[PDB]
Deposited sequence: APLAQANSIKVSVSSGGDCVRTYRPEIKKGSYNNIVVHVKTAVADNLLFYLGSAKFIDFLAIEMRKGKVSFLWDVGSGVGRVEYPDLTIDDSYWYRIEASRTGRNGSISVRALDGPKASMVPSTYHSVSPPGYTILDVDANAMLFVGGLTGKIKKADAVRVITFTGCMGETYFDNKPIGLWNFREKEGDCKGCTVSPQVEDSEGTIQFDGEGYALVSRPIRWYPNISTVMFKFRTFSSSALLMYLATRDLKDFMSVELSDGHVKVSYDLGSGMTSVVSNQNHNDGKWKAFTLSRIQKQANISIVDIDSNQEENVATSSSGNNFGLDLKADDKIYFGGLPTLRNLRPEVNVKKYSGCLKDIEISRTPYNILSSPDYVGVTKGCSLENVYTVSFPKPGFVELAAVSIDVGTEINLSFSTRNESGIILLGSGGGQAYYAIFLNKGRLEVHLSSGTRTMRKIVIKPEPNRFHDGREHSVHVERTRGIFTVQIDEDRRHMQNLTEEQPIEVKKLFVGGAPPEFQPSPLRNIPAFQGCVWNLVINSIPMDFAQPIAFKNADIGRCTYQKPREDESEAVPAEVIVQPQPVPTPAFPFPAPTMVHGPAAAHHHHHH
């Protein structure tokens, strides 16, 4: 990038019969001198310029001027363009490619023209001069060139298939995948795209989750007559919509909450709709189609109606057939009505984190004081408990069941373990703390008349428990639980009780649980 100032260079011509010049330009001015090559001894010259917004390549190899203009485009709208011209004897070509903008999707063509018959070599003396974006008074421009200034910014210049200041006159100077993760406590909105066309819908976004019941997307009119939703149902992707004449809904044959990225695509044309789910790695694709009932053809979403993702806020009204359960999982490449959206650019979303981190369903982590409720499990004679944790908060409950109860918890550095129906063990760390942010594995085994605990293979403590009746509880928790000791903060994983691995795929409840990884 270079604004304002003229940049002169001394070219190196390899083939006198061939020329190739590449320039990147960006301006709002209709007339400019983009490239120029000439010398003091010869009239010969090369030049790339614009007239009324059109790029023209002109030259004179000693027998008269040759000019070829690119008609397909006009480049004075401030987008970046790649202008490439070349010469073969008296034959010149011009080609323009827009790097961005509404023209960037065009297919760059190539027009040719020729200079008068005769000479064919680009003559130049020793002190040749190649100017970029303007002209220096050290050389007299060819009459054919009418404007010698340049208002804008120039890009990488290539001359004779090689990159390119001998003299710098003037004061020179330079010039949305949106991957997100929801953890069951957020939502996000997107205003309706102006490109929204009522009788044709187009929805795309990639998702990756372990959730079986969630809301992925929902939109509706103020009256609820017309709406559309995309949710997870038992792991399957389910689509529902009503255009005002009657609702319909399809559920995929396969479930897609395997932790892998999936590509979702909906295409509705009036009452008909094609849903497509693709496992991005294996490239396998599923296809399910459905049709709304009646005569209405449009999803008449209005100017002020919002489109939500991952969850919803509290709404006065809400379509009765949709599962609004907050979504836990990642999202990205959201596109609606041909319009891309980046939730992170949104100003009113809640409980969303940039990126994606989903490792397994046996790991959980708490950012803020939170908890995860698991199905009750009682400790009987012969029972074991194995888990791993890593917090930096001396005081925090790690495990807990519900008179009777059991618990593994850090206490001002100490790691208590309680059993009752009340005996308990308390290990004081030595040579290293527990809430030291690094891995730590606990082991607890209640046998006859005794119970044991052992952290990261050290002194397996012991304690009496002359009872045989199994200590049963009503609820089981990881991280903490609803009600006086501080909250737990770090992550717990690979929880095993009575030989059964305890996953967090779908907890009975939770609050501020970043299930799936150790943040």
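J.: Give me the ranges of the deposited sequence that have no CA atoms here, in sequence order.
T.: Sequence ranges with no C-alpha atoms are 1 to 10, 15 to 18, 179 to 182, 194 to 201, 429 to 431, 451 to 454, 517 to 524, 561 to 608.
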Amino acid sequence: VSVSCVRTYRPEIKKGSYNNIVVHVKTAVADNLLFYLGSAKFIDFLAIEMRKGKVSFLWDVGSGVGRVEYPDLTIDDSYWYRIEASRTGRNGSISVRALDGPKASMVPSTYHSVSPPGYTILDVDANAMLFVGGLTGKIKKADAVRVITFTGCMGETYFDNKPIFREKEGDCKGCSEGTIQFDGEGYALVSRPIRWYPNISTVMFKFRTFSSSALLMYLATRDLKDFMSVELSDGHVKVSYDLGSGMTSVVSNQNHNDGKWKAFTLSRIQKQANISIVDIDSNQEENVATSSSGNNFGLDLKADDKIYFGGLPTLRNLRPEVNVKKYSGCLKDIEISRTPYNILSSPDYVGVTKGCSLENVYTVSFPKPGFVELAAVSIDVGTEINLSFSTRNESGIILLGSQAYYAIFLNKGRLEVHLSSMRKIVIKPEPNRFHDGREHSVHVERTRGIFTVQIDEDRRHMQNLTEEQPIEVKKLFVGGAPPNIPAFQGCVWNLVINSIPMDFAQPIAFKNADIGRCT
From here on, numbers count along this sequence of modelled residues.
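J.: Identify the stretch, either 426 to 434 or 367 to 375, whose C-alpha atoms have the larger mean B-factor according to the entry.
T.: Comparing averages over the C-alpha atoms only gives 426 to 434.
J.: Decide which of the stretches 408 to 416 and 271 to 279 has the higher mean C-alpha B-factor, going by the entry.
T.: On average, C-alpha B-factors are higher across 408 to 416.
J.: Report the option among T391, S357, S212, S291 whose CA atom has the maximum B-factor in the deposited record.
T.: The C-alpha B-factor peaks, among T391, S357, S212, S291, at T391.
J.: Using the entry's values, work out which of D44, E69, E457, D31 has the largest Cα B factor.
T.: Among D44, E69, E457, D31, the PDB entry lists the largest C-alpha B-factor for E457.
J.: Of the three thirds of its chain by CA temperature factor, lowest, middle or highest, which one includes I13?
T.: For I13, the deposited C-alpha B-factor lands in the highest third.
J.: Looking at the temperature factor on the CA atom of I336, which third of the chain's modelled residues does it land in?
T.: For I336, the deposited C-alpha B-factor lands in the lowest third.
J.: How does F477 rank on Cα B-factor within its chain, lowest, middle or highest third?
T.: CA B-factor rank for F477: middle third.
J.: Based on the entry's values, in what third of the chain does the Cα temperature factor of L400 lie: lowest, middle or highest?
T.: For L400, the deposited C-alpha B-factor lands in the middle third.
J.: By the record's CA B-factor, is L266 among the lowest, middle or highest third of residues in the chain?
T.: Its C-alpha B-factor belongs to the lowest third of this chain's values.
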